[PDB]
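Structure, as structure tokens:
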Amino acid sequence: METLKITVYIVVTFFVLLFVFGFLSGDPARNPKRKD
Amino acid sequence: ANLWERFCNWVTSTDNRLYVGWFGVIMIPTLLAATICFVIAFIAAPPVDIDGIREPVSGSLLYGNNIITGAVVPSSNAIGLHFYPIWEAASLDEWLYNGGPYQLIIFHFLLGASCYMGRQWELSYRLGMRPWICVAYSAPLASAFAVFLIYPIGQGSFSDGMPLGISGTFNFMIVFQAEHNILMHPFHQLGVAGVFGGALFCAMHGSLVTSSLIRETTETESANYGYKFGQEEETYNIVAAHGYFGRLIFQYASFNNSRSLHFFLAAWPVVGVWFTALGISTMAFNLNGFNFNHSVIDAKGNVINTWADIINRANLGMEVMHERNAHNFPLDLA
Amino acid sequence: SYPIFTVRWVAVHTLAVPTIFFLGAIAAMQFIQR
Amino acid sequence: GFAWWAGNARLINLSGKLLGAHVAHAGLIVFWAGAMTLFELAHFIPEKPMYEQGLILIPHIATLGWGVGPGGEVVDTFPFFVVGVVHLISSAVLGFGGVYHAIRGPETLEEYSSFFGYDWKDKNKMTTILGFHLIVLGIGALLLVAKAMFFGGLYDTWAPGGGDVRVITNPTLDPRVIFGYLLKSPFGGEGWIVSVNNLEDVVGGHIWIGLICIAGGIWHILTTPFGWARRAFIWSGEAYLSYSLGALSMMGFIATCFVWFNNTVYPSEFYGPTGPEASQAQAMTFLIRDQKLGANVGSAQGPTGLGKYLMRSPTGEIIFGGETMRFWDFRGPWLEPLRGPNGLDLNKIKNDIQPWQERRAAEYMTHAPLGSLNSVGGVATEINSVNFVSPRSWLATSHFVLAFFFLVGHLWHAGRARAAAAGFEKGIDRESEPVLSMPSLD
Amino acid sequence: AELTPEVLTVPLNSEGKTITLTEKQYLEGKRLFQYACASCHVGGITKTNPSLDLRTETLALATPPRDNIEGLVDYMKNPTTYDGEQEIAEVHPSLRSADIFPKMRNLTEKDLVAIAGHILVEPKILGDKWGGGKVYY
Amino acid sequence: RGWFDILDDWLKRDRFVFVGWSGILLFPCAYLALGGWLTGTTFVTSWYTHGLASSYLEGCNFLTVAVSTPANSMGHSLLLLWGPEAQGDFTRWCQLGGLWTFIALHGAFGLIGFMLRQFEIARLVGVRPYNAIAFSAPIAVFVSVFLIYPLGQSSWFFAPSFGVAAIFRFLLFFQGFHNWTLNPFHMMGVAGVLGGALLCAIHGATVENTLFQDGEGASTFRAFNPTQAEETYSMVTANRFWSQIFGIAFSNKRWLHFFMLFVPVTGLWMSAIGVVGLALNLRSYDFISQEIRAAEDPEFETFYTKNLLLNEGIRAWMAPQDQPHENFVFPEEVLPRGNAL
Amino acid sequence: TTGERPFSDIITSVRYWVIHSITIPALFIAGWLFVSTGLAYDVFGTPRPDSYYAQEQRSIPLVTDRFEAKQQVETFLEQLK
Ligand code: CLA
Ligand code: CLA
Ligand code: CLA
Ligand code: CLA
Ligand code: CLA
Ligand SMILES: C=Cc1c(C)c2cc3nc(c4c5[nH]c(cc6nc(cc1[nH]2)C(C)=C6CC)c(C)c5C(=O)[C@@H]4C(=O)OC)[C@@H](CCC(=O)OC/C=C(\C)CCC[C@H](C)CCC[C@H](C)CCCC(C)C)[C@@H]3C
Ligand SMILES: CC1=CCCC(C)(C)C1/C=C/C(C)=C/C=C/C(C)=C/C=C/C=C(C)/C=C/C=C(C)/C=C/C1=C(C)CCCC1(C)C
Ligand SMILES: CC1=CCCC(C)(C)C1/C=C/C(C)=C/C=C/C(C)=C/C=C/C=C(C)/C=C/C=C(C)/C=C/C1=C(C)CCCC1(C)C
Ligand SMILES: CC1=CCCC(C)(C)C1/C=C/C(C)=C/C=C/C(C)=C/C=C/C=C(C)/C=C/C=C(C)/C=C/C1=C(C)CCCC1(C)C
């Protein structure tokens with residue numbers, strides 16, 4: 001169970017960081033008109 | 001050309017058949033976890049002691065249910081609002097008996113569904129659209145939060161959140177009526193108005209546009225072949241539809257502006273469903289429907305019944321029968 | 001040069017005349033005691 | 001470009017008229033705080049609990065230690081009156097400044113003075129205004145610490161003896177406790193910050209928050225946003241309003257749960273019992289009643305096989321039985337005398353229940369926060385007779401609703417700000433429709 | 001049907017003397033019963049001890065008899081258990097305990113009579129609803 | 001240029017409210033249905049038919065006021081004013097439930113008139129008559145619920161009464177007695193109404209958020225012109241959006257707006273059919289396989305069995321007051337009740 | 001657009017309000033009187049607060065015959081005289 005807990009904590013942290021840093025990577029600029 | 005930047009480009013690419021996006025990055029795993037657990041539980045989960053009284057309710061197909069009676073059963077009243085992930089159970093067998101799977105599914109779904117709404121904003125931004133389609137979906141989303149999260153929080157138990165099944169749904173709405181007189185609550189009445197009105201204006205708008213299609217076809221072909229995807233000309237005559245509908249009522253009760261008309265179509269069912277989600281969300285704190293029981297008495301003081309008193313007799317029969325073994329004291333305070 | 005009495009005039013007063021009367025009767029009712 | 005029904009969007013770049021709008025609206029807030037208090041005091045009857053009287057503001061004042069003595073017995077009404085008057089009077093000064101600035105003052109500020117004028121896109125001016133307000137907020141949090149420690153203390157429902165105003169001499173500074181709350185689970189038995197249950201921790205947290213806010217206020221006056229922050233946010237008035245709508249919405253949901261669950265900074269003496277409290281109080285009541293009749297409440301098996309009066313929680317603690325098994329995380333001062341380390345203690349239950357505890361449980365049971373919209377107390381099938389809806393239901397429901405709509409307002413304004421910033425909030429350019437320059441999906 | 005003097009006529013004591021309330025006393029008593037007593041005795045039941053109600057026949061079999069103005073006014077001053085064996089002022093509202101039950105502080109002697117009158121009149125009007133509970137709602 | 005033509009000229013004149021030949025059926029009947037309901041709910045009781053108060057005059061409010069059905073003892077009597085029941089006494093007619101039949105019948109003939117008006121105006125204007133067709137769905141619901149359902153039962157008494165809370169009572173009745181939520185025809189109606197409401201909202205929002213920029217202002221309404229040839233929103237961008245978000249999208253504006261007609265109309269038609277079944281007490285009340293297993297196996301419990309306990313509660317607890325002509329006396333000891341409650 | 005007089009032009013007109021500041025109150029008062037006189041009770045058969053039951057009665061006077069129903073309610077109303 002503790003192995004399952006660890007695994008889920010890891011997978012979740014992974015996806016949540018993708019999300020945080022993805023939006024930190026200049027998201028306003030990724031549109032079709034005015035990029036900044 | 002860098003690794004992270006190429007990944008970011010694929011995540012946000014407008015060229016994927018299905019858009020991913022950063023909301024997609026959370027949505028996809030959580031909706032896969034909730035979907036997969038739901039399907040397996042619906043087919044083969046063993047009975048769950050929803051009410052904490054060691055009386056398990058059989059919800060799955062292999063335990064003698066059909067599509068209409070089956071459900072993922074809410075987790076145990078003994079758990080209340082405690083978090084019950086798998087790794088907090090001594091074993092899967094325990095987690096199953098106590099209704100673990102409901103928690104897993106509703107938390108993953110509500111997350112993924114919140115990200116669904118955000119994904120709607122996102123792709124709207126990548127395509128140069130206006131952004132508020134997601135605001136329309138917030139109405140259904142708020143409704144799902146009310147019956148899966150808010151009402152449990154206020155009543156203190158996920159055992160009182162809505163079951164994931166067809167008859168479980170009906171069970172939830174019958175018990176709600178006995179405990180909150182939801183029919184006599186104005187916010188539910190606005191939900192009905194939002195939903196009846198929504199279906200009405202759906203039919204109206206569809207019949208008016210359909211009534212004013214411009215002849216582009218022959219009687220041996222579907223009229224639908226008169227419109228070509230991406231054509232610049234509008235495909236019906238709006239002045240003809242205005243001319244018919246304004247004479248069916250009077251001129252000034254009819255829309256000649258297609259923008260106002262379509263904004264009306266959007267706002268009526270959305271606002272009505274906001275209110276009904278707000279209904280469930282505030283009855284969660286026991287601010288219940290109007291109570292006119294014995295409100296009419298005669299000159300001597302005999303009670304003169306009204307239709308509200310008749311509703312009460314039906315609510316009483318719901319009250320006294322539901323969860324028939326779970327109450328030991330005279331008032332059902334949650 | 002407008003007409004005063006129309007089909008329109010009739011439908012309006014069809015509804016408005018007894019609406020008020022009705023409102024008056026319902027106002028009077030708030031003061032009934034048992 | 002805006003219509004009458006979006007007419008306040010005409011103020012976006014009129015910093016002077018927009019000042020008046022804000023300060024006039026601030027006056028409305030202070031007016032209602034003052035007027036509502038005087039209404040409540042004019043209707044107040046001291047011999048009736050506050051929560052039988054539809055009062056939501058007197059309870060906030062009483063909680064600060066004014067007007068009340070031991071038991072929450074109301075001792076002196078004058079503090080209430082003072083609080084109402086000073087607010088009501090203060091709203092005329094804000095009304096005055098608001099109408100002046102909205103109607104007669106300079107439409108725009110940045111020509112009259114370079115200090116009060118602002119451009120939304122001026123990141124340094126905006127972090128500076130942010131900083132000043134952070135300091136103010138920090139000062140405000142410290143005002144509460146001052147009341148608690150130096151000007152008479154606060155009402156303490158847990159004070160030994162039934163509750164009383166107590167001066168807080170040892171606020172909790174240990175950051176393991178203060179920040180510990182911020183890391184507890186929001187789920188049952190944990191309760192995130194809603195579980196704070198003593199005034200030492202309340203006061204200590206406000207010390208931390210006051211310093212943090214003063215510190216950040218100075219930080220933001222002195223800095224400009226770093227580049228990663230410049231590239232991740234939209235910098236416009238609407239964008240900033242959207243950020244705050246989001247923050248207010250989250251705060252409204254928290255407040256909802258605070259007033260529904262917490263009986264420390266919302267003492268049940270003033271606000272009525274919580275849902276869980278009331279439900280625990282019913283099992284207490286019939287346990288008392290039945291034990292006086294001779295029942296052995298410990299050995300009594302109920303219909304299900306579970307104890308009729310007492311059972312175990314899933315971690316074994318002895319708890320009240322029946323449906324209230326869900327509410328065993330409840331803690332209240334009338335109940336704790338009965339708890340040992342295994343949970344409720346059978347020998348204290350048999351031997352040590354006091355009349356004041358019997359009274360309190362009957363009172364709370366019969367004042368559960370259940371009621372109709374037209375203020376008929378009790379379960380929804382109850383007959384008319386009792387005019388009563390708990391202040392906690394009124395405060396929880398209202399703030400859930402406002403929290404919800406501010407979330408809708410956040411989505412509304414955040415989407416709009418993004419689209420206006422990119423230049424397509426008004427629609428798609430027919431001669432440059434992005435999709436028409438993209439490859440087909442299939 | 002109306003609030004006639006015959007219905008407003010209730011026993012004063014066990015001796016058998018009787019007293020006729022006014023409409024005013026009756027509505028006075030109803031109001032005061034909602035203020036001070038209905039939180040537990042709505043409709044003539046007792047929410048915190050459903051085994052004891054306010055029906056006239058129950059009061060009659062109480063020790064001392066409480067089916068009369070005197071017995072009821074006394075009860076509101078110095079409440080006892082149903083067999084009369086112990087005083088329960090500590091846990092039941094009473095003038096004897098208005099310190100812990102503040103709502104009793106401003107009840108006057110005539111208030112007590114109007115309250116006791118209401119209790120004895122209401123079964124005559126409502127019948128088995130009075131003290132019968134949800135079955136009769 | 002005979003007189004029939006002269007009147008046709010006059011009926012079909014363009015005026016603030018069009019009249020038409022259909023107006024002769026429609027307008028008297030619509031006004032009389034509506035007038036009867038305002039009259040009964042303000043002034044008229046249900047004491048002698050139902051044992052209920054039901055007017056503002058009696059102290060009811062807008063939720064509890066109703067024009068209640070006639071007494072069960074009237075069977076399916078038309079209850080004409082001049083009929084053998086009221087014998088021409090207006091006052092007795094009101095006390096016997098005469099306004100119910102008045103409202104239901106004039107209502108039914110108004111509905112016809114209204115649908116004939118949709119036909120008449122559509123023929124005069126030169127559009128196709130799909131709005132009349134769609135309106136067949138409300139008609140189907142009205143006739144099946146207010147007419148067919150009680151005609152299969154013992155009397156009009158058991159139809160819906162014309163009132164907010166009386167209708168709520170009707171909903172609850174159908175749960176306890178018919179287990180109506182279990183009925184697949186109701187379920188298809190639910191999907192039709194809810195799917196209608198969804199379509200309404202999603203189509204409105206899509207149009208408003210794929211608008212072309214046709215004006216300079218922030219209020220986008222001003223930049224439509226009812227006579228422009230051009231579509232005012234981008235079907236193309238709308239289609240890519242929904243294809244990428246949901247997997248499928250509309251590509252055909254005609255199909256879309258027909259589907260918007262199709263969904264709620266069909267749903268209502270399905271529910272109508274199920275209520276026809278309940279006219280005969282032909283319910284989907286039970287699942288036989290569940291009952292056989294549960295009778296034999298006291299540990300077997302599902303949401304289906306839990307809901308029938310509630311129906312059982314409902315019936316025993318509401319029947320005596322809701323059917324006073326049956327003189328049901330249920331002593332306390334026979335009422336079904338769980339523990340404590 | 002059809003030839004009747006615009007509404008906005010009628011309800012701001014001085015002539016309009018000269019009539020309707022009489023006709024509206026008269027109707028509001030006519031309706032009042034309909035109730036305050038008691039006439040509404042008699043026209044409709046609606047029980048007054050004192051006349052739902054006889055004094056020691058708790059029976060609803062429920063109609064139970066179709067063709068004798070008129071005579072039944074007439075009987076129940078004499079049981080109150
Ligand atoms: C909190 C509420 C609030 C506030 C504070 C404001 C404030 C403002 N609005 Mg907005 N507005 C609101 C709600 C609000 N509005 C609502 C609900 C709507 C929807 C109908 C609008 C629609 C709207 C439009 C359409 C426009 C504004 C405009 C304006 C600004 C100029 C108004 C002006 O010159 O009026 C002139 C009005 C008067 C001279 C009449 C008297 C008004 C006074 C202030 C009444 C107060 C009386 C009070 C009792 C006095 C106390 C005195 C004492 C304290 C000394 C002003 C800053 C305008 C703008 O942006 O200008 C560029 C504009 O065009 N508003
Ligand atoms: C946050 C709100 C706010 C803001 C930003 C401003 C900002 C401004 N005002 Mg406005 N004003 C406000 C509120 C506000 N005012 C209120 C509430 C009133 C009514 C009292 C006025 C009445 C007013 C007038 C009559 C005039 C202005 C003018 C001005 C400008 C010049 C200010 C100056 O040099 O003052 C000089 C600064 C001082 C004398 C220092 C003041 C110290 C204050 C009073 C103490 C603050 C303590 C504390 C924060 C207050 C809380 C106490 C309370 C809780 C009990 C400037 C743009 C002038 C202008 O632009 O005209 C063209 C002008 O003529 N204001
Ligand atoms: C009203 C409050 C407020 C506001 C609006 C801002 C606004 C801002 N701050 Mg300032 N700040 C404040 C208070 C505030 N600050 C205070 C009091 C302090 C002192 C502690 C600081 C210290 C501070 C520093 C040191 C810095 C800023 C920076 C910034 C900018 C970037 C913010 C950002 O990216 O956050 C977005 C946050 C993230 C991307 C990471 C946050 C992740 C957390 C863990 C999420 C938790 C949410 C969760 C659901 C709720 C539970 C909480 C949890 C702890 C339990 C922005 C202008 C930056 C800047 O440019 O400065 C010039 C910067 O470096 N702020
Ligand atoms: C801090 C809060 C805040 C602020 C400052 C703004 C500011 C603004 N909003 Mg946002 N908004 C907010 C909260 C806020 N909003 C919330 C919570 C929502 C969610 C519903 C929205 C949703 C929203 C929309 C949909 C739109 C705006 C728009 C706007 C702009 C013009 C609004 C206007 O003139 O309305 C004028 C005021 C009215 C037309 C009257 C509104 C009346 C409400 C609906 C009735 C409430 C009745 C009350 C509860 C009960 C009645 C009781 C009875 C006795 C009277 C302006 C920039 C517009 C925009 O985008 O411009 C850029 C716009 O289109 N707002
Ligand atoms: C076209 C409009 C219209 C329609 C369709 C109806 C339809 C109906 N009304 Mg309504 N009614 C209307 C207008 C209408 N009414 C108006 C304007 C009023 C106000 C006066 C009323 C007042 C009213 C009342 C008070 C009642 C009805 C009732 C009825 C129902 C029974 C009708 C019946 O049996 O007719 C029978 C008669 C006919 C069908 C006429 C046939 C005509 C033939 C073809 C010609 C015969 C000519 C003659 C014999 C020749 C001369 C003879 C010699 C002496 C010279 C039915 C649902 C009753 C009801 O609802 O029951 C509950 C009821 O009590 N109506
Ligand atoms: C309860 C819900 C509900 C109501 C109130 C309602 C109402 C209406 N729908 C109409 C139309 C439509 N409805 C449509 C689809 C639908 N309509 C639906 C549901 C409803 N539709 C649903 C769900 C759909 C989806 C399929 C279409 C497609 C149309 C139209 O074309 C038409 C329209 O123009 O709408 C814009 C109008 C017909 C006007 C008319 O006949 O005037 C004449 C009035 C008459 C004949 C009097 C009728 C008397 C009634 C039957 C009996 C008496 C009722 C009492 C007076 C009131 C009782 C109130 C208590 C019950 C509380 C009217 C506004
Ligand atoms: C700016 C604007 C333009 C467009 C229209 C819109 C109306 C929305 C708008 C907004 C206007 C706004 C919000 C106006 C703000 C005005 C405000 C807040 C007015 C406040 C006035 C307060 C005043 C006098 C208070 C008077 C106080 C007095 C004597 C106190 C006397 C009393 C005392 C001292 C002891 C107790 C008894 C009693 C009698 C109450
Ligand atoms: C004061 C008090 C009294 C009672 C007791 C108690 C001890 C609890 C006490 C103390 C309370 C304390 C100290 C509270 C502390 C609260 C704190 C630190 C709040 C934390 C706030 C942080 C939040 C939201 C951050 C939100 C972050 C968001 C938007 C990020 C958004 C973004 C992301 C994720 C990616 C890039 C784009 C963008 C938009 C920037
Ligand atoms: C509450 C509210 C919130 C939103 C804003 C708003 C201001 C609208 C508002 C207020 C609206 C109010 C309260 C509206 C009330 C309107 C009412 C009471 C109007 C009543 C109109 C009644 C009318 C025609 C009655 C017509 C009666 C007729 C034919 C009866 C005919 C006949 C009958 C029934 C029997 C046979 C004989 C005969 C003569 C043929």
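The basis for the numbers below is simple: all heavy atoms, side chains too, and nothing from hydrogens, waters or symmetry mates. Ligands are counted one by one from 1 in listed order, and the atoms in each one are counted from 1 as well. Residue numbers start from 1 in every chain, and the chains themselves are labelled A, B, ... in the order their sequence lines are given, proteins ahead of strands.
Under a 4.0 Å criterion applied to the non-hydrogen atoms of D:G95, ligand 7 contributes the atoms 16 (C), 17 (C), 18 (C). Each of the atoms 12 (C), 13 (C) of ligand 7 lies under 4.0 Å from some heavy atom of D:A24. If you number the atoms of ligand 7 from 1 as listed, the ones under 4.0 Å from a heavy atom of D:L88 come out as 40 (C).
Looking at D:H22, its side chain does come within 3.5 Å of a backbone N or O of D:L18 through a donor-acceptor pair. Judged by distance alone, the side chain of B:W268 and the main-chain N or O of B:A193 form a donor-acceptor pair under 3.5 Å. Remark: the backbone N or O of D:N124 is not paired with any side-chain donor or acceptor of D:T224 at under 3.5 angstrom. Using a distance-only test at 3.5 Å, with no hydrogens or angles considered, no donor-acceptor pair links the side chain of D:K17 to the main chain of D:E107. Listed for the D:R104 side chain is no donor-acceptor partner under 3.5 Å among the backbone atoms of D:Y100. The closest donor-acceptor contact from the side chain of D:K184 to the backbone of D:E190 lies under 3.5 Å. With hydrogens and angles ignored, the 3.5 Å screen pairs a side-chain donor or acceptor of F:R117 with a backbone N or O of B:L248. Between the side chain of F:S161 and the backbone N or O of F:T69, at least one donor-acceptor pair lies under 3.5 Å. Although no hydrogens or angles enter the test, the distance criterion places a donor-acceptor pair under 3.5 Å between the side chain of F:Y31 and the main chain of C:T14.
Protein heavy atom at the shortest distance from atom 1 (C) of ligand 7 is D:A102 CB, 4.1 Å. Nearest non-hydrogen protein atom to atom 20 (C) of ligand 7 is D:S91 O, 3.6 Å. Among protein heavy atoms, atom 23 (C) of ligand 7 sits closest to D:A92 CB, 3.7 Å. What sits closest to atom 33 (C) of ligand 7 on the protein, heavy atoms only, is D:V85 CG1, 4.9 Å. Counting only heavy atoms of the protein, atom 28 (C) of ligand 7 lies nearest to D:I89 CD1, 4.2 Å. Distance from atom 3 (C) of ligand 7 to its nearest protein heavy atom, with residue and atom name: D:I103 CD1, 4.9 Å.
Side chains of B:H242 and B:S254: a donor-acceptor N/O pair is present below 3.5 angstrom, by distance only.
At least one heavy atom of D:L28 lies less than 4.0 angstrom from ligand 7. Using 4.0 Å as the threshold, D:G98 has no heavy atom nearer than that to any atom of ligand 7.
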Please give the N or O to N or O pairs under 3.5 Å between ligand 6 and the protein, distances rounded to 0.1 Å.
unit_1, atom_1, unit_2, atom_2, d
ligand 6, 31 (O), F:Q118, NE2, 3.0
ligand 6, 31 (O), F:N131, ND2, 3.0

Could you pull out the N/O contacts under 3.5 angstrom between ligand 3 and the surrounding protein atoms?
unit_1, atom_1, unit_2, atom_2, d
ligand 3, 9 (N), D:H220, NE2, 3.0
ligand 3, 11 (N), D:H220, NE2, 3.4
ligand 3, 15 (N), D:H220, NE2, 3.2
ligand 3, 60 (O), D:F226, N, 3.3
ligand 3, 61 (O), D:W219, NE1, 3.4
ligand 3, 65 (N), D:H220, NE2, 3.1

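Note that atom 37 (C) of ligand 7 has no protein non-hydrogen atoms nearby, at separations under 4.0 angstrom. For atom 13 (C) of ligand 7, the nearest protein heavy atom lies under 4.0 Å away. For atom 40 (C) of ligand 7, the protein comes within 4.0 Å by at least one heavy atom. Protein heavy atoms all stay at least 4.0 Å away from atom 26 (C) of ligand 7.
Taking the six-membered ring for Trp and the full ring otherwise, F:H203 and F:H257 have centroids separated by under 6.0 Å. The six-membered or imidazole ring of F:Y56 lies away from that of F:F62, with a centre-to-centre distance of 6.0 Å or more.
Across D:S244, D:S249, D:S242, a single residue satisfies side chain to side chain contact (heavy atoms under 4.5 Å, CB included) together with D:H410, and that is D:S242.
The two residues F:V17 and B:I249 come nearest to each other via the heavy atoms CG1-O, 4.0 Å. Counting all heavy atoms, side chain and backbone alike, F:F162 lies closest to F:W37 at O-NE1, 2.7 Å.
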Checklist entry - Step by step, would you call B:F107 with D:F187 a ring pair (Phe, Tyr, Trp, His ring centres under 6.0 Å)? => result CA-CA 12 Å; B:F107 303 158; D:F187 284 96; 5.6 Å; yes
Checklist entry - ring pair (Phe, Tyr, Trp, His ring centres under 6.0 Å) between F:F102 and F:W100: does it pass, once the steps are laid out? => result CA-CA 5 Å; F:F102 184 84; F:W100 193 87; over 10 Å; no
